[PDB]
Amino acid sequence: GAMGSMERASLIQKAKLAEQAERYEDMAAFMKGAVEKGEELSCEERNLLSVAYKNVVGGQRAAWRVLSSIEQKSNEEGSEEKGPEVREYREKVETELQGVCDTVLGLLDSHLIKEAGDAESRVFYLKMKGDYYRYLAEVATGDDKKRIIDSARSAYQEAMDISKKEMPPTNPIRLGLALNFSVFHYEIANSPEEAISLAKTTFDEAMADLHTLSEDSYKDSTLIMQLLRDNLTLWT
Amino acid sequence: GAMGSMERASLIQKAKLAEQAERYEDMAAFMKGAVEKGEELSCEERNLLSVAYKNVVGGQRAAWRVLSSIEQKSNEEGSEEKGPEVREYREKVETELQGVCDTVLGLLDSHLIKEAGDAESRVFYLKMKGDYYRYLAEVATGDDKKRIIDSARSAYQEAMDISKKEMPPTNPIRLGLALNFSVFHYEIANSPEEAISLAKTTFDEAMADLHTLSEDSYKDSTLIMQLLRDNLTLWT
Amino acid sequence: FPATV
Amino acid sequence: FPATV
Ligand SMILES: *CC(=O)NCC1CCN(C(=O)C2(Oc3ccc(Cl)cc3)CCCC2)CC1
Ligand SMILES: *CC(=O)NCC1CCN(C(=O)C2(Oc3ccc(Cl)cc3)CCCC2)CC1
Ligand SMILES: [Mg+2]
Ligand SMILES: [Mg+2]
Ligand SMILES: [Mg+2]
Ligand SMILES: [Mg+2]
Ligand SMILES: [Mg+2]
Ligand SMILES: [Mg+2]
């Protein structure tokens, strides 16, 4: 641990600074250090962890898609041979992306998930587990693609089961989980009907519970409901 | 050299891919590898080098400014003591930025500048030398700030002298040099009158030469002329 | 890209 | 930021 000599509170402070500076690689490293102190994370701290890695992997995924598209174009008929460089560089980015996913999955397995007893924390971490297996699935092409997909599905399903038992239908973690699991169904599992059903049922059950909410909670929940609607519009 | 085993042409190909993927750290590393092959750079290759490092250092400078502002706020009256973390993290980013500047200056000194005999190449590299000393100057506060500023000034001045002798007043390298030297005067040297004079004289001498240009050259030159105008508007 | 959070 | 290139 490069961060082993730094105070937990200092790591969290610096993660917040890194976020303000849009230094997401630094933010992720600080948050990894904080997790490795061994104490459970607060809600705010869980958010910092998720924001940091979402931004790092998001950039990698975008780069990977650019390179994969160039590669695919190079393998079409009439395309002039340009040697191994496009494949090599796509592989480089892919390997870095896989590394980040493995790091996050590692933190969740050692030992965030096992120590998370409250619904809000356990669902949050299981959603992350699904998400990072989904990112691995996006780039998987070999013997293990099926197992990676199943790992994502299993994590999302456990999260769904807990969220349905323990959280109201407007809870933003529950909504965001459903949003992402729906995307998993559409983009990864080749199950667009399941994706659409999940998004619709989630949206409608949330709609029915909005009346229970404060203005601020209403804002939070409706934001994510709109994302569900946006996907439905894209898919139908 | 991490890039010592890779072909020069492969490094240039991958720099171009990295640019398309907005992977500017990778782009810079590829271009460093290409420079270290020891051959002179073509115009296209000089542009790749400049684009890569401009984007890397640009991000660092933006982050440094965010952190410096937070630090300055922390040192005002009535500000609650938050410990050494803001200073530590600003220092971390600063040190990384200084490292990138030193790397670029190193490439220019070993051996880009000495081997550049054509006006277009020599002016381009001397402009870069001025620019990277200017970035060092932005963060300098100690015994060496004056010497760093003088190093920037000297590089820009040599570039100016060559550009005036050897290039037309609409040449985009000559215009961009003047633009940046003008900014050096305003932001670094505390010489706003010099900055304004340089920008105005550069703009007016370019205007008078536009009639000699093709449509495409006209586009190139007028773009940078507008940047001169924008600065003049900001400063007057 | 469909939306995820 | 004034403009530079
Ligand atoms: C500790 C905790 O409760 N974190 C979750 C909370 C949910 C709302 N937040 C958001 O930034 C937005 O929604 C989500 C929903 C789920 C997840 Cl996993 C992340 C973000 C982002 C889009 C609308 C609000 C803050 C974190
Ligand atoms: C090898 C070579 O001639 N490179 C210079 C050339 C100038 C125009 N280019 C640009 O991207 C823009 O202008 C400059 C001007 C100077 C410098 Cl050092 C960089 C860029 C960018 C704004 C308008 C055009 C391409 C590179
Ligand atoms: Mg301690
Ligand atoms: Mg691979
Ligand atoms: Mg169902
Ligand atoms: Mg060779
Ligand atoms: Mg320092
Ligand atoms: Mg003069």
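Within every chain, residues carry numbers counted from 1 in written sequence order, not necessarily those of the entry, while residues missing coordinates are excluded from display. To read the labels, note that chains go from A and ligands from 1, taken in the order they are written. As a rule here, side-chain values come from all non-hydrogen atoms in the structure, and water together with hydrogens is ignored.

Per the PDB record, this model was obtained through X-ray crystallography at a reported resolution of 1.60 Å.

A. A look at the site of ligand 2. We define proximity as follows: a residue is near a molecule or strand when any one of its heavy atoms falls within 4 Å of that partner. Looking at ligand 2, the residues that line it are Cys43(B), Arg46(B), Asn47(B), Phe124(B), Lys127(B), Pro172(B), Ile173(B), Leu223(B), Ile224(B) and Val5(D). Nearby residues place ligand 2 at the junction of chains B and D. Within the side chain of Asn47(B), a nitrogen or oxygen atom sits 2.7 Å from a nitrogen atom of ligand 2. Accessible surface area values rest on a Shrake-Rupley calculation with a 1.4 Å probe, where residue burial reflects the displayed protein chains alone. Across the complex, the protein chains shield 71% of the 560 Å² of accessible surface that ligand 2 would expose by itself. Method remark: on a 1 Å grid restricted to protein atoms, a set of points is classed as a cavity if a 1.4 Å probe fits but cannot get out and as a pocket if it is open with protein on both sides within 12 Å along at least five of seven lines; lining residues have an atom within 4 Å of a point. To decide whether a molecule occupies a pocket or cavity, check its atoms: if more than half lie within 2 Å of the grid points, it is inside. Here ligand 2 is seated within the second largest pocket. Elements with a contribution of two residues or more to the shell around ligand 2: helix 3 (43–74), helix 5 (119–139), helix 7 (172–188) and helix 9 (215–235) of chain B. Residues are grouped as follows: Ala, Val, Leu, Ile, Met, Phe, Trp, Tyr, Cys and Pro are nonpolar; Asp, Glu, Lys and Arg are charged; every other residue, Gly included, is polar. Partitioning the shell around ligand 2 into residue classes produces seven nonpolar, one polar and two charged. Pairs of N or O atoms within 3.5 Å make up the polar contacts considered here, provided that, within protein, one atom can donate a hydrogen while the other can accept it, and that residues adjacent in sequence are counted only when both atoms are side-chain atoms. Here a strand is any run of E in DSSP of at least two residues, a helix any run of H or I of at least four, and the numbering for each starts at the N terminus.

B. Local environment of helix 4 (residues 85–115) of chain A. Across its 31 residues, helix 4 of chain A extends 45 Å between first and last C-alpha, which sits within 8% of the 45 Å expected from 1.5 Å per residue. The quantity called bend is, for any residue, the angle between two axes fitted respectively to the seven residues ending at it and the seven beginning at it. Where helix 4 of chain A bends most, at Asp109(A), the angle is about 50°. Given a helix with a known number of residues, its expected span is that number minus one, times 1.5 Å.

C. Representation of the nonpolar core within the structure. Only buried residues count toward a nonpolar core, which is a set of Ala, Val, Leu, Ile, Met, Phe, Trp, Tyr and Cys residues joined through side-chain atoms within 4.5 Å. Here the term buried applies to any residue with accessible area under 20% of the maximum for its type, exposed to any over 50%, and partly exposed to those in between, with areas from a 1.4 Å probe on protein chains only. Residues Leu49(A), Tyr125(A), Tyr132(A), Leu49(B), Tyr125(B) and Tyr132(B) are the most contacted members of the largest nonpolar core, which totals 126 residues. Excluding anything up to four places from it in sequence, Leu49(A) contacts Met31(A), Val35(A), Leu41(A), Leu107(A), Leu112(A) and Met128(A). Note on contacts: a residue pair qualifies if any of its non-hydrogen atoms lie within 4.5 Å across the two residues.

D. A look at the interface of chain A and chain C. The partner chain C presents five residues to the 15 residues of chain A that form the contact. Summed over both sides, the interface between chain A and chain C buries roughly 900 Å², with carbon and sulfur atoms accounting for 63% of that surface. What counts as a salt bridge is simple: a side-chain nitrogen of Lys or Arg found within 4 Å of a carboxyl oxygen of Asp or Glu. Here chain A is connected to chain C by zero salt bridges. Connecting chain A to chain C are three residue pairs in polar contact. Residue assignment for the side of chain A that touches chain C shows that the elements contributing at least two residues are helix 3 (43–74), helix 5 (119–139), helix 7 (172–188) and helix 9 (215–235) of chain A. Residues belonging to the side of chain A that touches chain C are distributed by class as follows: five nonpolar, three polar and seven charged. Once two parts are joined, some of their accessible surface, as seen by a 1.4 Å probe, is lost; buried area is that loss totalled over both.

E. Seen up close, the site of ligand 1. Around ligand 1, the structure places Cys43(A), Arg46(A), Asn47(A), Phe124(A), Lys127(A), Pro172(A), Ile173(A), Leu223(A), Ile224(A) and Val5(C). Ligand 1 sits at the junction of chains A and C, each of which supplies nearby residues. Side-chain polar atom of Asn47(A) to a nitrogen atom of ligand 1: 2.7 Å apart, as the coordinates give it. Here ligand 1 loses 70% of its free accessible area of 550 Å² to cover by the protein chains. At the level of secondary structure, the elements contributing two or more residues to the shell around ligand 1 comprise helix 3, helix 5, helix 7 and helix 9 of chain A.

F. Broad picture of the environment of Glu94(A). Residues and elements named next belong to chain A. Mapped onto the fold, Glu94 is located in helix 4. Of the residues examined, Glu94 reaches a relative accessible area of 13% and is grouped as buried. Along the sequence, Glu94 and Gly142 sit 48 residues apart, while their C-alpha atoms lie 14 Å from each other.

G. Local environment of the packing of aromatic side chains. A pair of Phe, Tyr and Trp rings is counted when the ring centres sit within 6.5 Å of each other, with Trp represented by its six-membered ring. The angle between the planes then sorts it: under 30 degrees is stacked, over 60 is edge-to-face, the rest tilted. Counted by the stated rule, this structure contains 14 aromatic pairs over all chains. The structure contains a cluster of three or more aromatic residues connected by ring pairs, namely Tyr156(A), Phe181(A) and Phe184(A). Think of it as a cone above the ring: NZ of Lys or CZ of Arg counts as a charge over the ring if it is within 6 Å of the ring centre and within 35 degrees of the ring normal. Between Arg46(A) and the ring centre of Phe124(A), over which it is positioned, the NZ or CZ distance is 6.0 Å. Between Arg229(B) and the ring centre of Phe203(B), over which it is positioned, the NZ or CZ distance is 4.4 Å.

H. Structural view of the relation of the copies chain A and chain B. Superposing the copies is done by minimising, in the least-squares sense, the deviation of their C-alpha atoms. Rotating chain A by 180° about the axis while translating it 0.0 Å along that axis superimposes it on chain B, leaving an RMSD of 0.0 Å. A rotation of that kind, with that shift, is consistent with a two-fold axis. Looking at the rotation axis and the C-alpha trace of chain A, the residue lying nearest is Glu25(A), at 6.2 Å. A share of 100% of interface residues in chain A that are also interface residues in chain B marks the association as one of identical surfaces.

I. Molecular detail of the side chain of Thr202(A). With respect to the element layout, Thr202(A) can be found in helix 8 (residues 192–207). Beyond its immediate stretch of four places on either side in the chain, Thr202(A) contacts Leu175(A), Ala178(A) and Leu228(A).

J. Spatial organisation of the packing of helix 3 of chain A against helix 4 of chain A. All names here are of chain A. Axis geometry follows a simple rule: fit a line to the C-alpha atoms, using only the stretch in contact for helices, then measure angles between N-to-C directions, giving values from 0 to 180 degrees. It is the contact of helix 3 with helix 4, at a shortest axis distance of 9 Å, that shows an interaxial angle of 155°. Considered as vectors, helix 3 and helix 4 are oriented roughly antiparallel to each other. Taken as a pair, helix 3 and helix 4 cross one another with a handedness that is left-handed. Residues of the contact of helix 3 with helix 4, tallied by class, amount to 17 nonpolar, three polar and six charged. The scheme is simple: roughly parallel for angles under 35 degrees, roughly antiparallel for over 145, roughly perpendicular for 65 to 115, oblique for anything else. For a crossing to be left-handed, the near helix must be turned anticlockwise from the far one by less than a right angle; the clockwise case is right-handed.

K. Expanded view of the pattern of salt bridges. All chains considered together, the criterion is met by 38 salt bridges over all chains. Note that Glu138(A) and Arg61(A) form a salt bridge whose closest N and O atoms lie 2.9 Å from each other. Pair noted here: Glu138(A) is in helix 5 and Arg61(A) is in helix 3, with a separation of 77 residues, a long-range link. Among the ionic pairs, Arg153(A) bridges to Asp150(A), the shortest N-O distance being 2.8 Å. A residue pair is termed a helical-turn pair when its members lie 3 or 4 positions apart in one helix, as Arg153(A) and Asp150(A) do in helix 6 (residues 145–166) at three residues. Among the charged side chains, a salt-bridge network with shared partners connects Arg23(A), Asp26(A) and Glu96(B).

L. Broad picture of the layout of surface pockets. Grid points are joined across faces, edges and corners, and a volume is the space filled by probe spheres set on the points. Its boundaries defined by the atoms lining it, the largest pocket holds a volume of some 1500 Å³. Around the largest pocket sit 43 residues that line it, and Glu22(A), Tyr24(A), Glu25(A), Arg23(B) and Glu25(B) are the ones nearest its centre. Looking at the lining of the largest pocket, the elements with two or more residues in it are helix 2 (24–35), helix 3 and helix 4 of chain A together with helix 2 (24–35), helix 3 and helix 4 (85–115) of chain B. With eight residues, helix 3 of chain A is the largest single contributor of residues to the lining of the largest pocket. Here the residues of the lining of the largest pocket are counted per class, giving 21 nonpolar, ten polar and twelve charged. Of the voids in this model, the second largest pocket is the one considered here, and its volume is about 580 Å³.

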